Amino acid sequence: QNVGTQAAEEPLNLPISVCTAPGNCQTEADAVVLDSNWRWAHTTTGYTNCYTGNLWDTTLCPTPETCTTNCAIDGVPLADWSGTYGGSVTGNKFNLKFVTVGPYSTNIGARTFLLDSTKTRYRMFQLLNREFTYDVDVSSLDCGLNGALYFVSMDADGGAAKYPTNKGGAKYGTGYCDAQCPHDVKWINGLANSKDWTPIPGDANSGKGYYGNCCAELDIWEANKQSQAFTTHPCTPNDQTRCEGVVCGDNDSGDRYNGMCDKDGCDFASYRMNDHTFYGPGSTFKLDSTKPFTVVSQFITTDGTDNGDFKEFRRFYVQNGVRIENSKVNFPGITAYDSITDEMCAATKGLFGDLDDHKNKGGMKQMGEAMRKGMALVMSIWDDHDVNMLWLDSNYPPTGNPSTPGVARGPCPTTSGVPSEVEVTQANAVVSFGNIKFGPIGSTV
């Protein structure tokens, strides 16, 4: 995309801490940028929309190459972050509102990325043999909503170096890809994704174009107050790849397990792994989701070095000063795993009857190659038009028997999560991600 002249791009400052040992950290002066999907797209030398609601203007955008010539994406000034998009920062805490009813329109959901101290590139994290940690508040997110923090194998400059027609790069939140190979990305490989664009029924704001955009993804946190998961999604290859046909692994053509990305990923979700009491909204759960807590993630390698292969994603929590170890897998004949490993993935997927696409895509080792190259940090809040978040917090499939291992993922009703309902009932939901810390293992708490 070209860049417009109607509004200055002003990302929100967000300090994080880079640590060398327990309680010994230095501030890093980073900032948050809005994904280019949420930006106003209009004529390059005027005011006229190129995209409105969930459609491209067919006169300005008869083809992607003409679309891209005629149109531009514009900036988000400070005032609009809060007024239009519902983003704000207080000290080292970032807050994202699910629904923001602005002056002249309504915004639903948000995806944002962390920029480095220059505000010119994404802050890339090389996660192998490191620990990443943050404080979270999800007490106001219920069934159907997801406040997610995760990493993806985006390019640090948004693709600007590879794609000449991308003039915005990271400064305009360009280049989003993930292991779902999404077709709802509006700009891919520096071009409008306007070919064969189709609105999403029941989503006034989105559609799906001809291409998708795939890359590896490491989900640190997929959650609401009812259920939470962490998940590895390798791809072959791991880097940003525009896809079409079977390579995207589209759910709608029966191709979920035929594409380049592991779509299901290898998940550790406490409730699905059969500990219903570990996490939930109340003081008698082990971890109380009505209150804020710290989430620690350790990326362990085969040799304890930056050069080894990734072998294990470990997790623990701290809440009101109390260290809380992860829950464990709880099924007869299955070892009580408390972390993600290749072995854990094969045992659990074998029990659940799930295809081990994680292993087919090269497993922990392949996931770690992505982490070694460096991944971008994403913070988002969203509802789910395809499956109503039932995969995260209910029975999936909803017709499945919940005593069958793998089906039950949380206590929410199978009728929950309908976007038109949650956008009313949960209009005030807000996720907070704060006090981010990154360092060697053992250094962040």
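Counting begins at 1, following the sequence as shown.
Notably, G173 is never a gap: all other compared entries of this protein, restricted to those modelling both its neighbours, have coordinates for it, so the one-third criterion is not met.
Annotation: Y210 does not belong to the positions left without coordinates in a third of the other compared entries; each one with flanking residues models it. For the pair 334 to 342 and 87 to 95, the record assigns the higher mean C-alpha temperature factor to 87 to 95. As listed in the deposited structure, the average C-alpha B-factor of 379 to 387 and of 56 to 64 is greater for 56 to 64. You'll see in the entry that, of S270, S153, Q366, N166, the Cα B factor peaks at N166.
The PDB entry assigns the greatest CA B-factor among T112, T120, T231, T301 to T120.
For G207, the recorded CA temperature factor ranks within the middle third of the chain's modelled residues.
Per the PDB record, residue ranking by Cα B-factor puts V407 in the lowest third of the chain.
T43 sits in the highest third of its chain by CA B factor, as recorded in the PDB entry. When all modelled residues of the chain are sorted by CA temperature factor, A160 is found within the highest third. Split the chain's modelled residues into thirds by C-alpha temperature factor. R323 is in the highest one.
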